[PDB]
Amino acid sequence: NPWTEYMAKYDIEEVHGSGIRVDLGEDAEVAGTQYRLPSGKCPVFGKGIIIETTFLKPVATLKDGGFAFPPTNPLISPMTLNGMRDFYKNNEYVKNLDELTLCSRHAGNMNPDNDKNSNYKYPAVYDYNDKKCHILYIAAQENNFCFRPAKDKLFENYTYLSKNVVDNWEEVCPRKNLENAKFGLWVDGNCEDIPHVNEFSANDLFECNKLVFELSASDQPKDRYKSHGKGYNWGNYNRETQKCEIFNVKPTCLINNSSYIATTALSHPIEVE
């Protein structure tokens, strides 16, 4: 299989290794109590939280706040990319990280246990629009104060980042959708179609990507609950028949077809290559 190296980033179970829709693939102890927290190694492009008044607002210190960190001194959240690089200008192992990894490491730098070295590290959202890193004080992603994770037009520049986001995600994680390409399975020297797919109608690539995300790996219904990256993470979008062909086994090659755009739950809902 000549596709092995190229198709490695689409082995979401191996490169991401956790839930996508709801990421709670690890546990951390904060002073005698275990908590669930995100642990996906890949960034989730376009993911945000919909509150049934926006989740990037700071946590309430009334009764209706958001998911983000409360105001701090010095203000470490929200913090711009340049603000972060300046903050870590003496740390050569951090100051030159890509914006997503840096945001992840910045969030993971904040220890809640002020008297001991705990392993709890907050998730984060990087907004490409403002170039701002938002540390999420609340790691919860769905509760149905009801809320749910989703891909949305409002969220297209958001990126959901766990503590485990690898510094080489650009090389090993998906981002762009593959235009004129179709996910397939390599068999006997030929790339065959995915034998069984679940067809969901979708008006455009965005809605297909949204659907895949809704059906993808989830660490919370509606260990034990951990998906470990297993799920309906991939989708072949036929732009002509407007079919989002969704499946749950990893693809191992590409098929040239001008009618198709290959997408994943981790991928950006718009960007193509």
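The numbering used is simple: start at 1 and walk along the sequence shown.
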Other PDB entries, at least a third, lacking residue 86: no
Quick check on residue 219: across the other compared entries (only those modelling residues on both sides), is it unmodelled in a third or more? no
Check the residues of the deposited sequence separating residue 52 from residue 53 and report how many of them have no coordinates, as none, 1 to 3, 4 to 9, or 10 or more. 1 to 3
Using what the record says, work out whether there is a hole in the model between residue 117 and residue 118 and how many deposited residues it spans (none, 1 to 3, 4 to 9, 10 or more). none
Should the higher mean CA B-factor in the entry be assigned to 124-132 or to 145-153? 145-153
Between 81-89 and 193-201 (mean CA B-factor, as deposited), the higher: 81-89
Identity of residue with top Cα B-factor, from 112, 184, 174, 108: 112
Scanning 102, 178, 75, 161 for peak Cα temperature factor in the entry gives 75
For residue 41, the third of its chain into which the C-alpha B factor falls: lowest
Considering every modelled residue of the chain and its Cα B-factor in the PDB entry, is residue 214 in the lowest, middle or highest third? middle
B-factor third for the C-alpha atom of residue 259 within its chain: middle
Tell me, lowest, middle or highest third: where does the Cα B factor of residue 230 rank within its chain? middle
According to the PDB entry, is the CA B factor of residue 238 in the bottom, middle or top third of its chain, that is, lowest, middle or highest? middle
